[PDB]
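Residue numbers (my numbering), protein chains in the order written: chain A, 1 to 21; chain B, 22 to 159; chain C, 160 to 181; chain D, 182 to 193; chain E, 194 to 624.
The structure under discussion appears below in the form of structure tokens.
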Amino acid sequence: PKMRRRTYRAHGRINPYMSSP
Amino acid sequence: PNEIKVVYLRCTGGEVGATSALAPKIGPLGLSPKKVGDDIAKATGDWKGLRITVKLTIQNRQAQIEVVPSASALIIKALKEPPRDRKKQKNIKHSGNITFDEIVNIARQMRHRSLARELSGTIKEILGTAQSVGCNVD
Amino acid sequence: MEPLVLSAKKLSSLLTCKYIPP
Amino acid sequence: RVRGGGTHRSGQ
Amino acid sequence: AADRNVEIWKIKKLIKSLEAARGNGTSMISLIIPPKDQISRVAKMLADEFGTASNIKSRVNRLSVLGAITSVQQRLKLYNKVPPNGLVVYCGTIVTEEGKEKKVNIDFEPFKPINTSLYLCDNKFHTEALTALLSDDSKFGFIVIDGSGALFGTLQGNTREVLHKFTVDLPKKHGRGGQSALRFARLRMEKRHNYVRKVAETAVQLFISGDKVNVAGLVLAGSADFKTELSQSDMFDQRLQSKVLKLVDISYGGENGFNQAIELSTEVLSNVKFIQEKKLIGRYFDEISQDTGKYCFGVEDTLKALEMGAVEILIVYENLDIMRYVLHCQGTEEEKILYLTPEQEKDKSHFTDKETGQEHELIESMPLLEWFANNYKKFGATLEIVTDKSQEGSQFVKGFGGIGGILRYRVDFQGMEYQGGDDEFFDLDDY
RNA sequence: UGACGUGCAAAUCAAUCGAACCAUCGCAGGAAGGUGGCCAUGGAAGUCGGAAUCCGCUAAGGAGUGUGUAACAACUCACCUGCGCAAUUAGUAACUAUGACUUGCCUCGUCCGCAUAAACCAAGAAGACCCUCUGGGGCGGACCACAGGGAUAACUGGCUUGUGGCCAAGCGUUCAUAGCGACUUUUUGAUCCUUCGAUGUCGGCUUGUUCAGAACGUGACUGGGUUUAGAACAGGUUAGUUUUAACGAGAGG
RNA sequence: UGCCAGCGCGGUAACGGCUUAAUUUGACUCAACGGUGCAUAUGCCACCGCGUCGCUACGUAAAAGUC
RNA sequence: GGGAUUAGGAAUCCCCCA
RNA sequence: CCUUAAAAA
């Protein structure tokens, strides 16, 4: 059950910053 | 006094030697004229043309124009009508048989240098000289 | 959070480059 | 492809 | 075709008899009608001359001029169209035979074409313009390269003549082209290559004919750069490549470019005459360099060398005061011939032989230059003429008397009757 | 044509418009006489050329096969014997030539004007080019959009070598071959075989130039020539995002 | 010597027409159809008026030019 | 080209997307 | 419409 988090990138594209416990 | 072997250089039908032979031949030592003068008229007036050979013996530090013919061209001599030919006249093919007395009567001067058998040779050899006639004695 | 892309960008630029000199 | 925004269902 | 050359000698005799002729007053009338020009216009201008002659402040001279005009008019009528190699007419009323004077007209069609007009009704015939024709001038084929075909023209002293002309499509600049303009450059190089091929081969068909040069020119002439790649190519010419003169730029191009190419070819022709002079004399210098002695100079030994085997290269300057006057007695008791050096010409001692003291009488003038001209072919080798204009030529004149030649081999001085006959009867062998 | 260039940013240091958006519808010896044959040739007497090519002697010798001499001479061979989730800017003047007169094709013109975490599993991309009876199409007989095709061109490569390149009449003073010589893909055409859901195309590292082999070496460097929109063209000139891991005579030497 | 060389002078006293060995010769609007009438029986031997372009030379000069 | 007019000539009068 | 360069104060 990894936590989900988002991050901004080029041209407004969103990519994952999910944790890996 | 001085004497030397002959060179027999002539090769012309012309009279009085060259076109003006009388003057160039003189040397610094000098020389006395003889056969080069009037004597040529004896040859030109009787044995004209046919490039007759001339021995140069020089018996006395002077020119000596011998008039005797060798052969070959002698066969042409047997004709009564030789009034020149100028030049470039289609090589003028002048011919017309030959006298029946072509034998020893004409060949008598030819005996000096021929050797071998007489009747079987020297009289017969002259027959081949007459290639120019193209008709033979027949 | 979800939109996508869409724009000339830098990649779109070559495509622009290729059609330039036929 | 449905058109819209906000909802994640868009682009399906 | 030697008979045509005999006719040329007849033309020379006509030039001599013509130039020798003279007449009092302006009554004499020279005339020269140019090729590719109507006779009728010349008849009109001649009619204007007849109108000019209508009023003259003289009696006999008026009738003489008018009579010469009627003579050239009646003579002109026989022709209906312009003759090949132009037309050359002379008319007058020359005096001969101890002042006897008679009307005379002289007509002939020249072997060598001339392209000039010359009307001048004054005293003495003006045949000098024809003297250039007397020389055996080489044809001067000129190629005029252009980006739109080429002009295979010619030159002959004054007579320009275009043997051939054409035009061709040109691949030219690649232009805006495409991503592969270089292949267009390849087709360009290909069409240029075929232009190097079929055109120059056509020139091989139209100049060299059959392993014998017909032209001494082959001058390049192009506003475009093709001439630069013409001389600089394997496809160009065999042997003929050395015959090239000099590049000739043409600002206008075309036939006008050929026209500028005319006079420019004349000056570069002066240049190659300079190289030809320096070479023709320079080989003689190379003969001088040898200790073998295969050379001759002066009026002395050279004549005896002419009496024997022909000199490998005869070399004689134009002007020459010495004259071959014959020494033949009226009684013909002593034929004689000798060269007359100017000191002998002043002394005249040779005319009076000590043997009799009689003076030989003159028969007819026999100039030494014409004496070369009379039968140089009969003497063997080939006649040659050198100018003093070259710096080496003045050295040939002052340093050698202006006469000499290259012997085929060494010759010894005559000595004693035996060697003297060895040389002289040998001269008879060569005669 | 900087830095960044899956960035700080869908342009930094109603995001859509050449018709908006939303829903609906071998060696030695002899090789010679008549005669240096005739003729031509400045001369050529085996050996420049043309014709002719016959025989005395004899164990041999040709009107001479090959060198040589200007030519002879000479040496040999045929034969003979022995070892915020705008945004690339017609005819003619008295020399000749000429001619009163009657943005440029050629072109590099010289010193009467053709035509004023993610991507990915090379990448992102169903080519905005070409094309949708025809050995591609047109002829002959580019403000553009979409669905497809190597069934149908242009880059390279393959096949083909037409193209291009690499025996001896004669030249070479004499003498054919000292030296020259007539009668492979580094070029190109042709083929469409491979590639249209893509193999980034040239040159370089005075004209942009080649010129004056290694996908036509090299762009996960330059934008100069080409070069989409500004001022239909193998008609010109300008400004235009290039992405991501001794000898010789001497002269000379 | 005879517009050549030279010093204003020097230019022999400083029926038409082809043809033809010859077709003798004089005579060009009216005023034509042995050499010299431009030395005079003889010597010498003034209306038919008065810039452009192309050659040469330094706009001019130098030419018989073409309008 | 030959006559006529003029002193003699012109003139006039006679017979293709990379 | 024009007028020898082919020769006098």
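Just so it is clear, CB atoms sit at the ideal spot from N, CA and C, and this is done for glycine as well.
In angstroms, rounded to a whole number, what distance separates the CA positions of residue i and residue j?
| i | j | result |
| --- | --- | --- |
| residue 45 (chain B) | residue 116 (chain B) | 38 Å |
| residue 573 (chain E) | residue 388 (chain E) | 45 Å |
| residue 10 (chain A) | residue 165 (chain C) | 11 Å |
| residue 37 (chain B) | residue 517 (chain E) | 22 Å |
| residue 418 (chain E) | residue 479 (chain E) | 39 Å |
| residue 578 (chain E) | residue 234 (chain E) | 40 Å |
| residue 457 (chain E) | residue 350 (chain E) | 13 Å |
| residue 157 (chain B) | residue 118 (chain B) | 6 Å |
| residue 412 (chain E) | residue 337 (chain E) | 8 Å |
| residue 471 (chain E) | residue 590 (chain E) | 14 Å |
| residue 253 (chain E) | residue 503 (chain E) | 56 Å |
| residue 562 (chain E) | residue 576 (chain E) | 10 Å |
| residue 434 (chain E) | residue 424 (chain E) | 7 Å |
| residue 47 (chain B) | residue 33 (chain B) | 21 Å |
| residue 290 (chain E) | residue 490 (chain E) | 42 Å |
| residue 215 (chain E) | residue 287 (chain E) | 6 Å |
| residue 299 (chain E) | residue 395 (chain E) | 42 Å |
Could you name the residues of the same chain whose beta carbon sits closer than 7 Å to that of residue i, not counting the 5 residues immediately before and after it, in chain order?
| i | result |
| --- | --- |
| residue 442 (chain E) | 416 |
| residue 619 (chain E) | 501 |
| residue 446 (chain E) | 339, 416 |
Which of the three DSSP states, helix, strand or coil, is assigned to residue i?
| i | result |
| --- | --- |
| residue 37 (chain B) | coil |
| residue 614 (chain E) | helix |
| residue 493 (chain E) | coil |
| residue 72 (chain B) | coil |
| residue 60 (chain B) | helix |
| residue 521 (chain E) | strand |
| residue 474 (chain E) | helix |
| residue 330 (chain E) | coil |
| residue 569 (chain E) | coil |
| residue 516 (chain E) | strand |
| residue 625 (chain E) | Since the first residue of chain E shown is 194 and the last is 624, residue 625 (chain E) is not available in this structure. |
| residue 351 (chain E) | coil |
| residue 345 (chain E) | strand |
| residue 300 (chain E) | strand |
Within its chain, find whatever has a CB closer than 8 Å to the CB of residue i; leave out the 5 residues flanking it on each side and keep chain order.
| i | result |
| --- | --- |
| residue 272 (chain E) | 232, 280 |
| residue 537 (chain E) | 543 |
| residue 444 (chain E) | 416, 450, 453 |
| residue 525 (chain E) | none |
| residue 303 (chain E) | 204, 278, 279, 281, 323, 326 |
| residue 455 (chain E) | 348, 353 |
| residue 82 (chain B) | 22, 23, 50, 52, 53 |
Do residue i and residue j have their C-beta atoms within less than 8 Å of each other?
| i | j | result |
| --- | --- | --- |
| residue 95 (chain B) | residue 71 (chain B) | yes |
| residue 25 (chain B) | residue 624 (chain E) | no |
| residue 227 (chain E) | residue 306 (chain E) | no |
| residue 594 (chain E) | residue 492 (chain E) | yes |
| residue 429 (chain E) | residue 393 (chain E) | yes |
| residue 85 (chain B) | residue 63 (chain B) | no |
| residue 353 (chain E) | residue 308 (chain E) | yes |
| residue 327 (chain E) | residue 205 (chain E) | yes |
| residue 283 (chain E) | residue 211 (chain E) | yes |
| residue 265 (chain E) | residue 246 (chain E) | no |
Cβ of residue i versus every heavy atom of the ligand MN: is any distance shorter than 7 Å?
| i | result |
| --- | --- |
| residue 49 (chain B) | The ligand MN is not part of this structure, which contains no ligands at all. |
In chain order, what residues of the same chain have a beta carbon less than 6 Å from the beta carbon of residue i, not counting five sequence neighbours either side?
| i | result |
| --- | --- |
| residue 554 (chain E) | 523 |
| residue 124 (chain B) | 144 |
Quick one, which residues of the segment 588–622 of chain E are near chain B if we go by CB-CB under 9 Å, in chain order?
Within the segment 588–622 of chain E, the residues whose Cβ lies closer than 9 Å to some Cβ of chain B are 607, 608, 609, 610, 611, 612, 613, 614, 615, 616, 617, 618, 619, 620, 621, 622, listed in chain order.
Report the residues of the segment 528–546 of chain E with a CB closer than 9 Å to any CB of chain B, ordered along the chain.
Within the segment 528–546 of chain E, the qualifying residues are 528, 529, 530, 531.
Report the residues of the segment 160–179 of chain C with a CB closer than 8 Å to any CB of chain D, ordered along the chain.
161, 162, 163
What are the residues of the segment 31–44 of chain B that lie near chain E, defined by any Cβ-Cβ distance shorter than 9 Å?
31, 32, 33, 35, 37, 38, 39, 40, 41, 42, 43, 44
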